[PDB]
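> Once you've had a glance at the structure underneath, I'll fire off some questions.
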Amino acid sequence: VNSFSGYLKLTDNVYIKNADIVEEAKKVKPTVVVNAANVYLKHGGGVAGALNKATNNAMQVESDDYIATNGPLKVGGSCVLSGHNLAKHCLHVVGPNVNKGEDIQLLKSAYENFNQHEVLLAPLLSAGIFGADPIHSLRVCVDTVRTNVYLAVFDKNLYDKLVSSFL
Ligand SMILES: Fc1cccc2c1OCCN(c1ncnc3[nH]ccc13)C2
C-alpha cells in the first residue's frame, strides 16, 4: 500500500492521473520523482522548468555541479540527484527530443531507467515540448517499465485521450 490517490489503473504496474506533477510531488513526497531532463540538466521549461522552479532553483544549482564534475548525460540515460522539497530523490531521465531530431527508438532505453526503482512518480517521457506522440510514449512505458509507475499528465484533454485510446 502506498499514498498515491485518484489514479486510474492501466495495467498490473502502471497508473495514471490528470495532475500537475509538481503539486502531486509536493503532496505525496514520493521516494522518486522523475524529471523530463535534457543531457545538460538545463531545467528551463516543460516539466523540468516546473520542477526546478518549485525547488527555488536548488535543482539547477545541484545539476550544474553534477555536469561540471561528470559531463553531459546520454540521450536515453539518467542520473539520481536530490528530490529537494519534492521527493527523496529525483531521477533525471533523458528521453529523445523530436524537435532535435533524436532517434525515437531511444525512448525505450529511457524508460528502462525506471526499472531501477520500485515505485516512481513520473511524466510521460518525450511528451510535451520533447515533441513525441504521448500515446506512443504511454505504450512504450507500459511495454518497458516493470516497476510501479504513477504517471501524472498535466493536460486534462490529453489525459482523456490517453485513457480512451489505451489498448
Ligand atoms: F517537456 C515535457 C516533457 C515530458 C512531458 C511533458 C512535457 O511538457 C510540459 C507539460 N507536460 C507536463 N506533464 C506533467 N506534469 C507537468 N507539470 C508541468 C508541466 C507538465 C508534459
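When we follow this note's numbering, the leftmost residue of the sequence shown carries the number 783, and every step to the right adds one. Beta carbons are placed, not taken as given, at the ideal position from N, Cα and C, and that holds for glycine.
With 16 other CB atoms within 10 Å as the buried threshold, where does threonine 837 fall?
buried
> Give, in chain order, every unbroken run of the beta strand (DSSP E) that is at least 3 residues long and sits entirely within the stretch 784–811.
796–800
> Could you check which residue in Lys856, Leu855 and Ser864 has the C-alpha nearest to that of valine 843?
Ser864
> Are the beta-carbon atoms of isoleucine 917 and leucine 889 separated by less than 8 angstroms?
no
> Return yes when the C-beta of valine 931 is under 7 angstroms from any heavy atom of ligand 1, and no when it is not.
No, the Cβ of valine 931 stays beyond 7 angstroms of every heavy atom of ligand 1.
> How far does the beta strand (DSSP E) with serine 864 in it reach, from first residue to last?
860–864 is the span of the beta strand (DSSP E), which, as asked, contains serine 864.
> My output table needs one value for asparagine 897: the three-state DSSP class, helix, strand or coil.
helix
> Return the first residue and the last residue of the alpha helix (DSSP H) that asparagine 939 is part of.
938–946
> Select from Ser785, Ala818 and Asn834 the residue whose C-alpha is nearest the C-alpha of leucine 906.
Of the candidates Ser785, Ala818 and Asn834, the one whose C-alpha sits nearest the C-alpha of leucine 906 is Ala818.
> With DSSP as the reference, label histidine 874 as helix, strand or coil.
strand
> How is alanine 818 classed by DSSP in three states: helix, strand or coil?
strand
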